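Chains as they are written, first to last, in the authors' numbering: chain A, 13 to 312; chain A', 313 to 637; chain A'', 313 to 637; chain B, 21 to 207, 212 to 244, 247 to 329. A prime marks a further copy of an entry chain.
Step one of this worksheet: look at the structure below.
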Amino acid sequence: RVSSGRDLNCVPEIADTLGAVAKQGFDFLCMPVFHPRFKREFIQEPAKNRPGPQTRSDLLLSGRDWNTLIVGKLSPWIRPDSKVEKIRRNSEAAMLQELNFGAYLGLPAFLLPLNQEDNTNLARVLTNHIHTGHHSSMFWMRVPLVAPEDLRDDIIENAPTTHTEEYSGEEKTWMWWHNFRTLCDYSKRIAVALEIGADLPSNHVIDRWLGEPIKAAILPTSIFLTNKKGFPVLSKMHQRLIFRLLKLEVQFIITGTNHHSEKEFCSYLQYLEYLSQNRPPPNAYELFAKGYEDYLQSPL
Amino acid sequence: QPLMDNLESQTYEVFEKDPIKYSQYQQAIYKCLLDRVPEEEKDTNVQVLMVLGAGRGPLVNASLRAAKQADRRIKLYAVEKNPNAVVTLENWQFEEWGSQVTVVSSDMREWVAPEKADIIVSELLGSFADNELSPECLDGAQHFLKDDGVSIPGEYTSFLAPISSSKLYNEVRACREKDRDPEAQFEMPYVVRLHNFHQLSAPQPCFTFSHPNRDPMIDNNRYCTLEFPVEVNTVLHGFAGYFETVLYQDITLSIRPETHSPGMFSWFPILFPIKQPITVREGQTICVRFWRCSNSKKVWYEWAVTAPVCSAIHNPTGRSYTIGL
Amino acid sequence: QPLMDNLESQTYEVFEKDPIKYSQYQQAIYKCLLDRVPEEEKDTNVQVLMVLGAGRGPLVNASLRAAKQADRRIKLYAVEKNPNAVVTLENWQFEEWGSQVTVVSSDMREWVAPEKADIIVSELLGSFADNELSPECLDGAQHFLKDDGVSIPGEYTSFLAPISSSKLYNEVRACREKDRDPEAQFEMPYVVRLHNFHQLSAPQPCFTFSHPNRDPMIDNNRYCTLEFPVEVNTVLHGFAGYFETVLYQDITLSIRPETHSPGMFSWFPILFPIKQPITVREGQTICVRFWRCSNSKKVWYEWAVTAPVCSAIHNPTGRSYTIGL
Amino acid sequence: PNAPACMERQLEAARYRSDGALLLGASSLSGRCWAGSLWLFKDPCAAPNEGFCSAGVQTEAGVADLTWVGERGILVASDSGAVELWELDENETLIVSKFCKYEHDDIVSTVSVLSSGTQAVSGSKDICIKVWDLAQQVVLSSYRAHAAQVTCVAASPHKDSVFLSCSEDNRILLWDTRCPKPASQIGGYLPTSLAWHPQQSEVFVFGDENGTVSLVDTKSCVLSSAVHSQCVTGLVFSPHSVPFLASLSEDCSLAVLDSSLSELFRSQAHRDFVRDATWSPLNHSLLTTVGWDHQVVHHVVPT
Ligand SMILES: Nc1ncnc2c1ccn2[C@@H]1O[C@H]([C@H](O)c2ccccc2)[C@@H](O)[C@H]1O
Ligand SMILES: Nc1ncnc2c1ccn2[C@@H]1O[C@H]([C@H](O)c2ccccc2)[C@@H](O)[C@H]1O
């Protein structure tokens, strides 16, 4: 019933990792296409002339597996909106390189972060790749409900967290998404991979995402509570958000390490399945309208 | 268009599924190596082989198999401009090939070769032979081939045949897209597995290219007039395009129906449509004119029917279709 | 686009009707000749001057006048890629100039110069400075300028200013043509004598180029962020573009309104429109982003407004507008 | 030597211990397998030749950083999100895993042993900083003070509760775990490397993403120099009573600076990114660098 994927930033052996992930019950794997730490130079010698393969071979998986089981991830060092001109230029060339390799592989989707206010150059480079060749692939913008700066622990003595309500301020990540997609001119290939935190924001922040193209919901293992038996569960408020996302038929993505160490890993996924099974059955209207959701027709 | 565009992993995978094509290339390299190195020079003479447009490595493997069966020594360079395929090549080079193969991530027209080649091996052919711009690519690579050097392929020829198909005419007609000339779909070729059609006259040769090119300043532009005898009453809707290539001597590849290479199936004919269907009576001749044109940026074809009636010149100045350089 | 296109006789005639522009070039060459040749070397030191993009000969004449008033010896080359203008130049060379001027019918980027130059003189500037591709042209010509050589112009800078004009917005809107994107007219600059408009903030510098370029591999691509303070309630419809150039030292040319060169009138501002008008309140800042992009075939601009609201990126990948190389 | 047949191309870390033996950390950042390895060379001049090591071991994932834990322990920052502790056998012929605790939710980028040698600090791309108890193999405290990736964590030389951290959120934080709010923000371009002064208790140096090296005193203005053309990857003080400062960069160079940050030595021996530098405890004028070009270079520094 529920389509779920595993998010990893460490894949030592692609065949072994995929197998372990599929055994756990996941339907796909979000993974780096180039080593996440392998920073590359395109302009200055001697590093621009680095030999050897720039990444692992496409021959490691079948075309069907690349097409259906792998979601690409942009390298974390790629910063197209850096204040440093050199980083900006190397990042543009690296972003185009990684996107072009994903298109080479025929990946169904590719993850890009929205983790700051200004993503103008990231949008420019993405728009340019979209208007270059094969137009099938989806771009999932990884954007959090709550920005990391607004959920940091209040542990900096000379920099306290703001305890005042900032109505529009708490909706800042929606503006990050809005500006990005406005810049890319509402491309149908650009969707949201909404990242959920340990504590949910106010309802107005959550409702801000209504009508948005959400294709995936990212659930870090760290947001899961523990029940009397020691198994991962979610708060009532989190469950309420999962149910809303299930109606949008989003793909769920499990990120982070096993925090329920003495309770196995597929337990997180088993809980999502439990929530999916234990939902209100669709009414006469919902069962009837299945297939027509947001399908435009001419009035008779 | 493997020059202007970087082919996808699965595209290279479909090319590689042809066992006959590469066993033909291997036979051509094998014969060439024997003709260039006498038995007595077997252990001293190292032939410099360059695979120009190496893709994911099948011609590199074909060259190595050829050198083993010829019992000759080879030094290989695998030149590829697609950096994605270069990843496959560099992983093959580390894991299997070793020092015998030098992978070059470059356009063959820009590469400053460190040595001259004895043999240049390439597979830059389209369904209409020169439509992937093999002449331009090998012309720019020519300067690093030795004075007595061999190019595999040595030659290729395109062929045209008039066809009738109201089914395909309608198929082209339905390719009208927004924001472009409403008749652009008729001024461009299509790769198509022609099925419901009538070939109206025997295929005739259109354009020929030879490598290495020893006619200073080359001039890859061409103008050809073809006269097709038609023995039936019919309606002309376009021209089917095919090709033949001489890899080395008697070793050839062909998609021309009458001389089609055994089991070479990934290769479909090309179709040049005409905007307006032309009535042809039994005993009349179809006269077609084809031009191969270019500038420093693009290459294109222009075509016109001049008998039994004139058509407009199709694709003037590459307005609807161009092949990027 | 004097690079991609051959300008017409009357276009060159309009350029030549500017007496101030060439008296500025003459003053720049005159000062440069004096700084390069001391009085004692007057009769032994022959300076090699190259007019790069000579048109119908005004900079050749300006160079000769400059050498006479400086009382210095010059050896001139007049390089021009337009063969039609080359006819005017060769008729001038036979009838008047003589052996002192060597007319070269070539693209400056391909010319195999027989000698290196002391000074390269050019007038390859558009209304937005680099929009006629002066950086690319002079970059390719750079290798034949001596190590201590001077380029006139030495530098140029483009400027942008936000404008309000519902009149011009409607004018751009009416440029919708058949068989192209219905909104392409908003994704391209126009040379226009701006009249019924409101400049919303002071022009700010956008892109700068310096010749000769001593930053290996050059990289003429650029990305600029501009923040314009707006003190009025208004509607943003586009950006006016202007430029300034340093011919030599203090000798300059400018179309920037505040520093406009005396009596230089053939030069109108450029206008970058935006697809959707943007409401701006007093005290808000207009933030615009401009990119100079290229490939080996074309150069183009892309632009976006990010404050007070975002616009779409205009002209992505040069889909509506490109400048041919 | 009962070790892996080949070490990975990308050398990430190099550290001399008291006797002058050299510990190397490496990862394969390309090709089929993306793992790592740990090596001990009692003869550092033979490095990186596998057949001439004293001990070598394969790790499951890449080595982003490492550090000695006394004379026989090795603490590793892994790609897996785990902080690992390895230990040399009594014969020093084998490197055995003591603990592999997966506590971070992304790559562990930086690791640093505190004054006591009983605790350590780890920084990650998961934005958290963790304080570990090395004997009980547990995280004592987990801090989410930063708002982006933790670039570098550096333990105070002599105060067991004090450490520095820096991040892509443009913060340099001075920590003192004895405080209710343990972090304090120290007052452009992103900070990328940190090094405490080995003699001056409240003094440290920091490198940034734009090639600048800066001298800072906890009290207060800062002394700085544009040393590199690219990111400052590492900063290592020499063992001398008046220390020298080695700086290394993605610009593939090594610079050795004085007290006033003026250049005294420069090396362009590396053909790829310079990743670590370690000063010999035996000969104080010898500085060893490792890079992604698979070179172990032994520099003679002019003193
Ligand atoms: N001017 C150039 N310099 C360097 N490489 C060049 C060119 C032009 C083309 N190619 C390469 O030729 C291959 C060939 O088309 C091919 C296609 C399909 C399967 C196998 C090989 C492609 O891999 C293509 O990228
Ligand atoms: N790469 C090139 N090599 C050789 N000539 C080149 C180029 C590029 C441009 N030009 C020439 O510069 C002139 C200039 O634009 C001009 C315009 C209007 C009046 C007077 C001069 C034009 O005459 C144009 O043809």
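Just so you know, even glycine gets a beta-carbon here, dropped at the ideal spot from N, CA and C.
field: Residues of the stretch 250 to 264 of chain B with Cβ closer than 9 Å to any Cβ of chain A, in chain order
entry: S255, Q256, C257
query: The alpha helix (DSSP H) spanning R485(A') covers which residue range?
result: Numbered from its first residue, the second sequence carries residue 485(A') at position 173. 478 to 485 is the extent of the alpha helix (DSSP H) around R485(A').
- prompt: Are the C-beta atoms of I55(A) and some chain A'' residue less than 8 Å apart?
  reply: Here residue 55(A) is taken as the residue at index 43 of the first sequence, counted from 1. Answer yes: the Cβ-Cβ gap between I55(A) and chain A'' drops below 8 Å somewhere.
query: Quick one: does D491(A') have its CB under 8 Å from some CB of chain A''?
result: Locating residue 491(A') in the second sequence gives position 179, counting from the first residue. It does; some Cβ of chain A'' falls within 8 Å.
query: Is any heavy atom of ligand 1 found at a distance shorter than 7 Å from the C-beta of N532(A')?
result: One-based indexing of the second sequence puts residue 532(A') at position 220. No - ligand 1 has no heavy atom lying nearer than 7 Å to the Cβ of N532(A').
message: Counting only Cβ pairs nearer than 9 Å, list the residues of chain A close to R631(A'').
response: On the third sequence, residue 631(A'') is found 319 positions in, with the first residue counted as 1. Under the 9 Å cutoff, chain A gives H143.
- request: Give the single residue among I147(B), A303(B), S142(B) whose Cα lies nearest to the Cα of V158(B).
  value: Walking along the fourth sequence from the start, residue 158(B) turns up at place 138. Answer by Cα proximity: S142(B).
query: Relative to ligand 1, is the shortest distance from any of its heavy atoms to the C-beta of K393(A') smaller than 7 Å?
result: Taking the second sequence and counting its residues from 1, the one referred to as residue 393(A') is at position 81. Yes, ligand 1 has a heavy atom inside 7 Å of this Cβ.
- prompt: Under the rule that 16 or more other beta-carbon atoms within 10 Å means buried, what is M529(A'), buried or exposed?
  reply: In the second sequence, residue 529(A') corresponds to position 217, counting from 1. Classification for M529(A'): exposed.
query: Would you call the stretch 577 to 589 of chain A'' and the stretch 358 to 369 of chain A'' touching, i.e. three or more CB-CB distances under 8 Å?
result: no
- request: With distances taken Cα to Cα, identify the nearest neighbour of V103(B) among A140(B), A219(B), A252(B).
  value: Translated into the one-based positions of the fourth sequence, residue 103(B) becomes position 83. If we check each option's Cα against that of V103(B), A140(B) comes out closest.
message: For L445(A'') and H523(A'), what's the separation of their Cα atoms in angstroms?
response: If you number the third sequence from 1, residue 445(A'') lands on position 133. If you number the second sequence from 1, residue 523(A') lands on position 211. Answer to the nearest angstrom: the Cα atoms are 37 Å apart.
query: Name the chain A residues that come within less than 7 Å of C449(A''), Cβ to Cβ?
result: The residue labelled residue 449(A'') in the question sits at position 137 within the third sequence. Neighbours of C449(A'') on chain A: none; closest Cβ ~23 Å, over 7 Å.
task: With DSSP as the reference, label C449(A') as helix, strand or coil.
output: Here residue 449(A') refers to the residue found at position 137 when the second sequence is read from its first residue. Helix, per DSSP.
query: So does the stretch 120 to 136 of chain B actually touch the stretch 177 to 197 of chain B, counting three or more Cβ pairs closer than 8 Å?
result: yes
message: Just checking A390(A') against ligand 1 - is the residue's beta carbon closer than 7 Å to any of the ligand's heavy atoms?
response: The residue labelled residue 390(A') in the question sits at position 78 within the second sequence. No, Cβ of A390(A') sits at least 7 Å from all heavy atoms of ligand 1.
message: Is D419(A'') a contact residue of ligand 2, with contact defined as CB to any heavy atom under 7 Å?
response: The count along the third sequence starts at 1 and reaches residue 419(A'') at position 107. Under cutoff, so the answer is yes.
query: Is the Cβ-Cβ distance between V415(A') and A390(A') less than 8 Å?
result: Along the second sequence, one-based indexing puts residue 415(A') at 103. Along the second sequence, one-based indexing puts residue 390(A') at 78. For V415(A') and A390(A'), yes; Cβs fall inside 8 Å.
- request: Pick out whichever of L512(A''), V558(A''), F551(A''), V547(A'') has its Cα sitting closest to the Cα of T520(A'').
  value: Within the third sequence, numbered from 1, the residue matching residue 520(A'') stands at position 208. Residue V558(A'') is the option with its Cα nearest to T520(A'').
- prompt: Looking at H254(B) and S279(B), is the spacing between their C-beta atoms short of 8 Å?
  reply: By one-based count along the fourth sequence, residue 279(B) stands at place 253. By one-based count along the fourth sequence, residue 254(B) stands at place 228. Yes, these two residues count as a Cβ contact at 8 Å.
- request: Using the DSSP secondary-structure output, state which residues sit across from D153(B) in a beta bridge.
  value: As a working mapping, residue 153(B) is identified with position 133 in the fourth sequence. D153(B) is bridged to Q139(B), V158(B).
task: Show which residues of chain A' have a CB atom less than 7 Å away from the CB atom of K609(A'').
output: Translated into positions along the third sequence, residue 609(A'') becomes position 297. The answer, in chain order, is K609.
According to DSSP, residues forming a beta bridge with residue 316(A): This structure gives no information on residue 316(A), because the portion of chain A shown stretches from 13 to 312.
query: Considering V349(A''), what are the terminal residues of the beta strand (DSSP E) in which it resides?
result: For this step, residue 349(A'') is matched to residue 37 along the third sequence. Segment: none, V349(A'') is in no beta strand (DSSP E) and carries neither H nor E.
task: In angstroms with no decimal places, state the Cα-to-Cα distance between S234(A) and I127(B).
output: If you number the first sequence from 1, residue 234(A) lands on position 222. If you number the fourth sequence from 1, residue 127(B) lands on position 107. Taking the straight line joining both Cα atoms gives about 16 Å.
Minimum Cβ-Cβ distance from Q66(A) to chain B less than 8 Å: Sequence index remark: in the first sequence, residue 66(A) carries index 54 (1-based). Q66(A) counts as touching chain B.
task: Closer than 8 Å by beta-carbon distance: list the chain A residues that pair up with residue 638(A'), in chain order.
output: No answer is possible for residue 638(A'): it lies beyond the span of chain A', which begins at 313 and ends at 637.
- prompt: How about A165(B) and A219(B): are their beta carbons less than 8 Å apart?
  reply: As a position in the fourth sequence, residue 165(B) is number 145, starting the count at 1. As a position in the fourth sequence, residue 219(B) is number 195, starting the count at 1. The answer is no: Cβ separation not under 8 Å.
Under the three-state DSSP convention, the category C65(B) falls into: In the fourth sequence, counting from the first residue as 1, residue 65(B) sits at position 45. Here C65(B) sits in helix by DSSP.
query: Got a sec? Which residues, its chain only, sit under 7 Å from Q561(A'') by beta carbon, not counting five neighbours each side?
result: In the third sequence, counting from the first residue as 1, residue 561(A'') sits at position 249. So the list reads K343, once near-sequence residues are dropped.
query: For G550(A'), which residues of its own chain have a beta-carbon under 6 Å away from its beta-carbon, when the five flanking residues on both sides are left out?
result: As a position in the second sequence, residue 550(A') is number 238, starting the count at 1. Taken in chain order, the residues that qualify are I475, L583, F584, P585, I586.
field: Beta-carbon contacts of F61(B) that lie in its chain and below 6 Å, excluding the five residues immediately before and after
entry: For this step, residue 61(B) is matched to residue 41 along the fourth sequence. For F61(B), where only same-chain residues beyond five positions count, the Cβ hits under 6 Å are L42, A67, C73.
Straight-line gap, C536(A') to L364(A') (C-alpha atoms, nearest Å): Working through the second sequence from its first residue, we reach residue 536(A') at position 224. Working through the second sequence from its first residue, we reach residue 364(A') at position 52. In a straight line, the C-alpha of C536(A') is about 29 Å away from that of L364(A').
query: Sorry if obvious, but does the Cβ on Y213(B) come closer than 7 Å to a heavy atom of ligand 2?
result: For the purposes of this step, residue 213(B) is identified with residue 189 of the fourth sequence, where counting begins at 1. False, no ligand heavy atom lies under 7 Å from that Cβ.
- prompt: Along the stretch 175 to 197 of chain A, what residues have a CB closer than 8 Å to any CB found in chain A''?
  reply: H190, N191, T194, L195, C196, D197
message: Is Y324(A'') near ligand 2 - that is, is its Cβ less than 7 Å away from at least one heavy atom of it?
response: Along the third sequence, read from residue 1 onward, the residue named residue 324(A'') stands at position 12. Checking the Cβ of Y324(A'') against ligand 2 gives yes.
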